[PDB]
Structure formats: C-alpha cells, structure tokens
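Here's a solo chain for you in structure tokens, the form deposited in one PDB entry.
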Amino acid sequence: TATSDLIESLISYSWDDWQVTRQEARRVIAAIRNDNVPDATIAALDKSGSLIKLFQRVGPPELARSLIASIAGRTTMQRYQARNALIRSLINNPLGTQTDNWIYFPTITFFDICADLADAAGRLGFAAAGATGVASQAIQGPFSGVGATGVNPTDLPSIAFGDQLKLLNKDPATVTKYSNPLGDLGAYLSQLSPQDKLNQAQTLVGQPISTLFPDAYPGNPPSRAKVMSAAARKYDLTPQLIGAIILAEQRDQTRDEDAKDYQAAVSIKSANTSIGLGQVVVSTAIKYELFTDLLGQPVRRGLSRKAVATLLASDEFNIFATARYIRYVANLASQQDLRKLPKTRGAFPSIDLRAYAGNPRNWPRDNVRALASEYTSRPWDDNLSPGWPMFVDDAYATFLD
C-alpha cells in the first residue's frame, strides 16, 4: 500500500544509508498510526521481507514500544504475521520493549497486551480520545496520588535508601509518610466546600487515563470518564458509583503512597499492597481474575505477579479491575442472608440484598454505604468500617447531584 512503500524507504538501507535514524523511526510510527489500511500495509511489508527488518531497525526501547503498540492495536487479520515477525526479531537483541516501566512484560507479552487492549477498547467503547482536562500539581498530602495527578506510580522515583531502611524497621514516623494520609475522614470533608468537592471529582474523571500503553489507542488515550462509563456498562454498575469508590480511595492517597504501593510489590518482598486508582490488592486481582474483560485467558496465564502489579498502575486496567470487583462484592451480597448479618442490618437498616444483583440506580443509598465498608475491608463478614461508608457516600452525592 502507500503506507507500505513509505515505510520501505524509511527502513531500507542504501549505499549512503546504513541506519534507521531516530527521526525516520518517528516518521515510521507516525505513518503506521495514520494509516487507513493497516492490515494490507502489514501483509505488504511481510511479502517484501521487510516486516522483520522493521522490528530490528526501529531501535531504542521507547520507540519500539510505540511501533509495536501501534501495530498490535491497528491490525486485525494480520496480527499473527506481525507477531511472528517480532518473535523472529528478538533473536540476538531480545531486550526489545522490556526496559524501564515495562521490565516485567516480556516483549512478546507487551505485544499481546497491546493487541487485546485495543480489541477491548473498541468492543467496550473506550477507544475514542479524551480532551486533555487538567491535573492537580500536588505532590504531598491527601488527593496527591495518580487520581489527582496523572503522574503514573511506576514513573515515581525509587524510594531513597534511608527511607527503605526505616520502612523495613517499621519506624512509624516513616510508615506514616508512606501510608494512608487521612485519619479523621469526617474532619477532612469538613474542610472541603461543595465546590472543592466538585473540583476534585472533575479533576479525577476529566483527565486522560495514565496508561502504560498509550499507543494501543487509535489516537490519544481516552478520558478516565470514558473508561468508567465503559466499565459501568460491562458490570451493570453506574460510572457514578465507580467514581465515588475511586475518589474515596484517591482522597486517602498521597504521591508517596503510590511510590510505596508499587515499589513494595515489585521488590524482593513481593508485597500484597493495594495499588492504583481503585486501590486493588495484588492477590485479589489474581484471585478474582480482574483483567478478564481486557485480556485473553492465554495472556493472563503467563502474567507474573509483578506484571499484574504493574498493570494495576495503568489506569484503564485498574478501572476495569475496580469495576469488576465491585460487581463481585455486590453479587456476593445478593446471595447472603440478612438474618445472619446483624451488625450490617444495624448500621444500614435500609440495606436491600436482593437489589444488589442489579443496577445501582435501583439501590437504596444504604446499599452504597454498606458496599463502601465492604470494599475497604472483607466483604460481608459483619465487620464494618465505621468511617468509610459516610466517606464514599459523600463522594457519591457529588457525582449524583
């Protein structure tokens, strides 16, 4: 195709041309993204023996990520040829895309996450680009994590050696610095006006997702809002429920807590921390297969624990993980018997176990309040969080209006 030819001249070597420069590489990735006939283009490049060449010559990992991601995401019936071509490319130089943030995804797996992700996004309706709504500049205190900030947890500097040490000794002044920032939840809400509350909510939802696979998307990455909508649809929730859960979490999250969240999960300890937007716990992600709707079974099976923890620091994966687990908790409650749950009926007299089976629009406000308890803690053990239900409930008010 036209795009095939352009790429052939950009990657082809001549007597006076022996490298695919950094700029020709960018021209190549641009040409792939802006192509109207991606499948034909690739078959062409395969026919010419230049498909393999393309993967070997676009060189620095960051560029190989864009290339690999754009081709994984845009190509339907040619995916295999592309994938084979890439495998065949990894001999000699098997480093590929497996550097930096992507250190835990084997290059071939990075391809596969990108392909599945682009499929999911189109099929579930979050492929479309999002206006670049503004993010907070906070770097400390409540609401300074990725929710407020758009700064991805895997992009945060490593915790200094002094601190990692005090953090191993369990020195509380330090465990503070790096744990949940709020104590009195009620007291915190008291400081926010109706407007400040609204502003946060908009800050959270209006941003493009902080994603690790930006180029799996046809254009710019979607708004979080778009992604929450899509996840609400899949799990019979509402995007306002989801946002309330997440805003609650992001209020009780700091930038340092994001750092600790991620780095403790991929360090030797392989910690079972709660990560990302919705504060999903690593083992729970795996145990309940929270990526089911974005990743094929084959791909998920191969995922290391540390890869899963990295995926949770990608906004779309965390949003879907959060939504699916909420629909889990609600479901688990529909099968419960309220008689055997005395303290629960005590704390939320209007609670309605049957209604949980369906949409949150037909839920009593006490179903949200109770689910809030049973999200920050063990689901339906008759042990309730005293302060989280009012805290999630407030955020829900802000989203409902």
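Only residues modelled in both forms are compared. Residue numbers here begin at 1 and follow the sequence given. Rigid core: the largest C-alpha set superposing within 1.5 Å between the two forms.
Beyond what is shown, the protein has a form deposited in another entry; the following relates to that form.
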Compare C-alpha positions between this form and the one not shown after fitting on the rigid core and state which of 150, 214, 142, 130 moves by at least 2 angstroms.
-> 130
Core fit, then residue 12 C-alpha moves 2 Å or more between this form and the one not shown = yes
Classify the change in Cα distance between residue 215 and residue 132 in that other deposited form as closer or farther, relative to the shown form (magnitude of 3 Å or more).
-> farther
Mind checking the CA-CA distance of residue 132 and residue 30 in that other deposited form? It differs by 3 Å or more from this form, so is it closer or farther?
-> farther
Consecutive stretches, 3 or more residues long, displaced between this form and the one not shown (C-alpha shift of at least 2 Å once the core is aligned) | 10-19, 129-133
